[PDB]
Every structure is written in structure tokens, then in C-alpha cells.
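Each remark here refers to the structure printed beneath this line.
Number of protein chains: 2
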Amino acid sequence: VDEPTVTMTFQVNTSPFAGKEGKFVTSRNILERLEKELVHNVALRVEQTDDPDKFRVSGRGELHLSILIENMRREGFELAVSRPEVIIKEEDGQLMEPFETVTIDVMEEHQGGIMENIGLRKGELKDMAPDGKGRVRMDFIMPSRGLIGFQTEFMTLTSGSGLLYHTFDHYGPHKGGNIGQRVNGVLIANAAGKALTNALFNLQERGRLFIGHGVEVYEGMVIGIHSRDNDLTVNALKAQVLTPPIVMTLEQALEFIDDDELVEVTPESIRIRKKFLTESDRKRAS
Amino acid sequence: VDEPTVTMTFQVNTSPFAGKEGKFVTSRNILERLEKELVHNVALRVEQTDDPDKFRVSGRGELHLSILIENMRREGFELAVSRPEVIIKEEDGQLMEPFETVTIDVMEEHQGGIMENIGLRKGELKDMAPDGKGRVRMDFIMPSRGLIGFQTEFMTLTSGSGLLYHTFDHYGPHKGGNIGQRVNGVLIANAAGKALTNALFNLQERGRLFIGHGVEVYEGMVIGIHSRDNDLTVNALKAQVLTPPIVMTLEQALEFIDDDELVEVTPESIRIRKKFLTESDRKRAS
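Protein chains in written order, with the authors' numbering: chain A, 26 to 263, 278 to 325; chain A', 26 to 263, 278 to 325. A prime marks a further copy of an entry chain.
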């Protein structure tokens, strides 16, 4: 009830663009701000680590943490954050994960598709009620792990007409299932400079871009989603109508990144990057 | 009365140690803090420059500015500052500098030496009063330019027994005179690492050191005063009793540095450095 269910690391921005966009950049700025938050935010936990620049921050759910990050961005912070992961607990030798009660309200026509998606996310139907007017309310239990990314898919699957509400309920046996996972790789800049249309016009053929002409990139910055499952390290710098790029919400960024990535946040920007900025360091790490 | 008489530049710390000691490091932290100060500090002026990291800060006198810098250090700032210089004004084709009324109270035995030093600093005696008990009060007019460094010399020349008070009085014709000047060069570290006794034991023969064994240095950091007037670039890193080093007050640091130097300030430290960190860049600059 105090107790958190999701954790991430918050750390000093070490990108090549660090310091160019926010006024609060130091580890002590971050720690003091997290300590200010603990004064009054009861589900939050903050742990120091062996790195003075990095803090393990846990909260009631992902939204609790993304709200804090957004407040900090607005106050003038730069930082980088790792992917949210559910806190695993053990009880009498059983490994356990957090589960949420989920209420949805959708048009009858979307019911089948929603149930299918929820079942893939290890969800279980507990109750339902049609309104007799074309909509239906349904109550589910779902692991928090399977709620990651769900809001966006739910909006697609309901064409923006569905309502979704969820909150932590209990810890219970881990469900397994490869539910926390994107199936596409990323396009990664190989060098720093201003991105150019000619380079991006060719790259937009390999996937969807996050950037357009003239955006400043750095080596290791993620600039798009690959249509295949592997990562491509690419040159952004070399009629050519560019398709409008994907702009992700902070929450979508947090839900997209893998373990080898970070979301870099500033009062002005959300950037995704690899943890290891050069291709050779990512090769050596793999 | 609002109007300032001394100016310096305050800027983002760009040393190799930057960020390791203070929590407020960005240009916007510095600007916001200077803007906070202007709200209530009427003799202060703050101008932006062509460099977003650098601000021209003017005040009633040097002490006004060193008080502000000390408050900022204590609040958690890192910054670097240039030497104070008097603001020159022009009136009807005449170039003018600030002058102060100066009152001193000294033992009769120190009178001659003080008068001699004050005359070298373009000072003029206006009034005096012995107390009949062995002390004398004297009133002088001195350019602010000639007050730079005076407090320290006055304390030496009176063996700590003298009293000195001064405040701005008027602008008047520039006196000339090479009064703002140290006659010794500096010893400059040629490489980064922990200073070692063996290296410093030899260097303490060339001058007076600001550091002792184990102090972390960086290339371009000033580590001592040369007994001669030229700068020496030296290796700090290579019974050996070291003489206790010179520790300068912030004010003494500000009064010591030349135009090619900065005082680097943090909540923990006062360091002097060259503006150009490598010997080859200082050669090219000269």
C-alpha cells in the first residue's frame, strides 16, 4: 500500500547533447529532487547505487513514475531512464509478480479483439455487464507486466472509443509468457551531425523514422524503428518527400525501450539511445 | 549610487573537474541566480554576452562581488570568474576611474610604511589625527584600482594590528601607474593525476606551492607561484619534507589572477587555472 510494484533507474544524462537543454543536470540535483518527492509521495522508493550518478526509483506503477519524470522535465531537469520492470517478490519459495484489476468499457464490436489481446497478455476475465445500448463493461485481472504497452494497443483496437482503468490489486504467482517485448529492431545513428533529407529518404524505406530533416543526431542515438527484428547502424547524414516521423509519448518511449537502451529526457526533448554509443562497443557487449 | 564600479565575468566551469563538486553547474542556473540577486541588490548589474555560458557581472566594489560568489559557492554552485577590473568612464573627453575614501587606524610606528605603500598605489593623504596614545587615524583618497591587493599588504605592514575601511566616493581622472600587477609568474601543471611528494619536493625549490601530496591536478591548473616573473609548465606527477602550501582567500585568488587566468570555484574548492589549458595553446595565444 506503501509498497511499490515497478522499478527503473534514473541517472545523469551522459549523451553528447547533455547540458544543452535543461538547467538541472547533476547527480545531486536528481537525488535532492527524488528526496523532496519522498517527503510526500508514499509509494515511491529511492535507492542509491554503486554509481553516484544512478538511482533506483520504484513506484506504485509505471504511470506514477512517468508523472514524476514529466514534472522533473518541466522543472528543468535532464536525465536518462531505463525501462520499467515489475518488482518480483518471493513468498515461501514461490516467485510472484504484481497484478492489477482492470476495468474496460468498449463497444460490443471491439469485445472479441480486446479479449484476444488481453489473453495474450496473461489476463483473465472476472466479470462483465452489457449496458443494452451497444457497450459492455468488463473486469479483468492482468499482471502489471502485461499492462505495459496495453493502453496504446487498446486505443488502436477500439479506434479511440474505449475506456480503460487499472490499479494494483495483489501479488501472485508469476505467469510467464513472453509478453514484455517489441518485435522490431532499431535504426541507430553512426555519427553526429544534422540529419539530411537524402539520407532519411533512403532510410524511411527500412522502417519508420523518429526524426526529420535537420534534426541534430549523435552516434548511438536511436532514430527509427527497423521493419525487421535486428538493429541497423546507419548514416543519417549523407522530389524526396519524407513521411512524417513517429513521435512517441514519454510513456510510449518508456514502454518501447529494451534493456540495452535509455530514454534521454530534457525539458525540450525525448530521445532514445543505446546504452553503448558506438557499434563496436555494442558488438563487444553482446 | 545604483552605479557599479568593478566588473568581472562569471561563467560555466569548463575545467576537467567540472561537475564533481557542486550541484548547480549550468549557464541557466547561473543566470537565474544572478537574476534573483538583481531583484534586491541595487548596485549589481548583469549583462549577457555573446557566449551563453558567460555573464558580465558588475558591482559596487570587489567585496560586493566576492560576497555574492561566496554565497553562490555555499548554495552549491560551480563557476569560474575572471579578474576584477575597474569600470572606466569618459566625461567630456576625459577618461575616469573610481576613487574611494579610505580611513585607516594604525600604530604610529607603521605610519611611514603605510604612507609609502599608499603613495605607490596613487593614494593621497587628506587628513589625520593622532589619538595621543600611540595610534593615528588617517583619511586618504585612493583609486579603487590601487585598493586591489591592499588589504593583504596593509595587514602584513601592520602585523595584523591596523584597521582599514573604504568606500566608493567619486569618479575622477585616471591616475595611470602600473599599480595592478603581480611580479611573479606561475607554476602550471602539464598533465592530470595525483600530485606526488617527489615531484613537489623539487618544485617547491622554484617557488611557493598551492598544493601538497595527493592533490588531484589537471593540465593548465595553476599549482604555485614562480619565484621569477615567467610561467613554468611543470610535472607534478613524478626525507622529503614539503613546506606547507599557500592557501589564498577567494578574495586573494581574485586579486592574484592575471587576464589569462580564471578562478575556478566550487562549494569545496578554489582553484586557479589558465584560460588556455595546454602549453601549446598558451604559446599560440601569446
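Every residue gets a Cβ at the ideal spot worked out from N, C-alpha and C, and that includes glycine.
Residue i: contacting residues in chain A' (beta-carbon distance under 8 Å)
| i | result |
| --- | --- |
| residue 54 of chain A | 48 and 49 |
Beta-carbon neighbours of residue i, restricted to chain A and to distances below 7 Å
| i | result |
| --- | --- |
| residue 44 of chain A' | 51 |
Residue i: first and last residue of the uninterrupted beta strand (DSSP E) it sits in
| i | result |
| --- | --- |
| residue 269 of chain A | Examination of chain A shows a numbering gap from 263 to 278; residue 269 of chain A is inside it and therefore has no coordinates. |
| residue 216 of chain A' | That residue, residue 216 of chain A', is in no beta strand (DSSP E); it is neither H nor E in DSSP. |
| residue 128 of chain A' | 119-132 |
| residue 58 of chain A' | Not the beta strand (DSSP E): residue 58 of chain A' falls in the alpha helix (DSSP H), residues 52-65. |
| residue 114 of chain A' | 114-116 |
| residue 311 of chain A' | 309-313 |
| residue 251 of chain A | 246-251 |
| residue 276 of chain A | No coordinates exist for residue 276 of chain A in the structure shown, because the numbering of chain A passes directly from 263 to 278. |
| residue 189 of chain A | 188-198 |
| residue 154 of chain A | 149-155 |
| residue 79 of chain A | 79-84 |
| residue 72 of chain A | 70-73 |
| residue 36 of chain A' | 31-36 |
N-terminal and C-terminal residue of the alpha helix (DSSP H) that residue i is part of
| i | result |
| --- | --- |
| residue 226 of chain A | 222-228 |
| residue 171 of chain A | 169-172 |
| residue 279 of chain A | Residue 279 of chain A -> no alpha helix (DSSP H), and no H or E assigned at all. |
| residue 324 of chain A' | 318-324 |
| residue 137 of chain A | 136-145 |
| residue 301 of chain A | Here residue 301 of chain A belongs to no alpha helix (DSSP H); instead the beta strand (DSSP E) covers 300-304. |
| residue 91 of chain A | 87-100 |
| residue 176 of chain A' | 175-182 |
Counted within 10 angstroms of its Cβ, other Cβ atoms place residue i as buried (16 or more) or exposed
| i | result |
| --- | --- |
| residue 195 of chain A' | exposed |
| residue 113 of chain A' | exposed |
| residue 277 of chain A' | A gap in chain A', from 263 straight to 278, means residue 277 of chain A' has no coordinates in the model shown. |
| residue 85 of chain A' | buried |
| residue 74 of chain A | exposed |
| residue 229 of chain A' | buried |
| residue 72 of chain A | exposed |
| residue 131 of chain A | buried |
| residue 97 of chain A | buried |
| residue 256 of chain A | buried |
| residue 279 of chain A' | exposed |
| residue 211 of chain A | buried |
| residue 134 of chain A' | exposed |
| residue 323 of chain A' | exposed |
| residue 155 of chain A' | exposed |
| residue 206 of chain A | exposed |
| residue 119 of chain A | exposed |
| residue 33 of chain A' | buried |
| residue 77 of chain A | exposed |
| residue 249 of chain A | buried |
| residue 305 of chain A' | buried |
| residue 232 of chain A | buried |
Among the options, the one whose alpha carbon lies nearest that of residue i
| i | options | result |
| --- | --- | --- |
| residue 166 of chain A' | A':209, A':147, A':234 and A':240 | A':147 |
| residue 27 of chain A | A:47, A:65 and A:53 | A:65 |
| residue 103 of chain A | A:119, A:303 and A:325 | A:303 |
| residue 80 of chain A | A:87, A:67, A:106 and A:68 | A:106 |
| residue 126 of chain A | A:133, A:143, A:70 and A:115 | A:143 |
| residue 38 of chain A | A:99, A:47, A:145 and A:210 | A:47 |
| residue 90 of chain A | A:101, A:110, A:78 and A:76 | A:110 |
| residue 190 of chain A | A:176, A:184, A:197 and A:202 | A:176 |
| residue 208 of chain A' | A':88, A':309, A':297 and A':61 | A':297 |
| residue 311 of chain A | A:317, A:246 and A:322 | A:246 |
| residue 123 of chain A | A:197, A:239, A:59 and A:324 | A:197 |
| residue 313 of chain A | A:254, A:214, A:235 and A:224 | A:214 |
| residue 29 of chain A' | A':87, A':76 and A':52 | A':87 |
| residue 200 of chain A' | A':149, A':157, A':160 and A':238 | A':149 |
| residue 318 of chain A' | A':260, A':155 and A':306 | A':260 |
| residue 224 of chain A' | A':238, A':36 and A':251 | A':238 |
| residue 186 of chain A' | A':115, A':159, A':141 and A':68 | A':159 |
| residue 184 of chain A | A:244, A:116, A:169 and A:139 | A:139 |
| residue 100 of chain A | A:179, A:227 and A:59 | A:59 |
| residue 234 of chain A | A:242, A:284 and A:121 | A:284 |
| residue 308 of chain A | A:171, A:253, A:193 and A:242 | A:242 |
| residue 151 of chain A | A:128, A:145, A:170 and A:141 | A:128 |
| residue 108 of chain A | A:137, A:69 and A:31 | A:31 |
| residue 227 of chain A | A:115, A:263 and A:35 | A:263 |
| residue 268 of chain A' | A':258, A':82 and A':36 | For residue 268 of chain A', nothing is modelled; it lies in the interval where chain A' passes from 263 to 278 with no residues in between. |
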